[PDB]
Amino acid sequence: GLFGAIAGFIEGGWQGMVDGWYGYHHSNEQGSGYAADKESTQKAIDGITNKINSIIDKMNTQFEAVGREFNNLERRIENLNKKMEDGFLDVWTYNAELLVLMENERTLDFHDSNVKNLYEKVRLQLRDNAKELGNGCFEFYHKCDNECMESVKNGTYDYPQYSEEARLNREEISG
């Protein structure tokens, strides 16, 4: 991992999630649930998709071979012709094999960056109102539930609304 997220501090992935590539798993007083982020998973579909089409488009024009005949006193030009055609075929074989290798790697790290960007988005909202266990998960100091969930997600998260409750629960452990 180039970003430490996937197979880093969120070791293992979720067979449970099916709706998409990146998402959440909550746990409240109501119950459980895997939930796939949509806004992030979609911009990763739009990206990877534009990638495949541009890989293909930059390959739509490249060298095409055509059969030629040469007689037995034209060995020199014949060979020149063989070299030229093998030459371009080797050049475009290098070009495609390398493009795929280079973008394959960028694709994986792109995912790793998307996971870390989602985690950080949650973390930067909650702040002191919860604890980072270091496993891709936060323990809420205050109480969160099946509409407090849909608040961190869509970014619509009124922090002062829960700010005070958490502060006492937090310091209760100390004193």
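One rule holds for the numbers: they count along the sequence shown, beginning at 1.
When the two stretches 136-144 and 102-110 are set side by side, the higher mean Cα temperature factor goes to 136-144. Per the PDB record, of the two stretches 86-94 and 71-79, 86-94 carries the greater mean B-factor over its C-alpha atoms. Of the candidates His26, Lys58, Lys51, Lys116, the PDB record gives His26 the highest C-alpha temperature factor. Among the modelled residues of its chain, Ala44 has a C-alpha B-factor that falls in the middle third according to the deposited record.
Ranked by C-alpha B-factor against the other modelled residues of its chain, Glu150 falls in the highest third. Compared with the other modelled residues of the chain, the Cα B-factor recorded for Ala35 ranks in the highest third.
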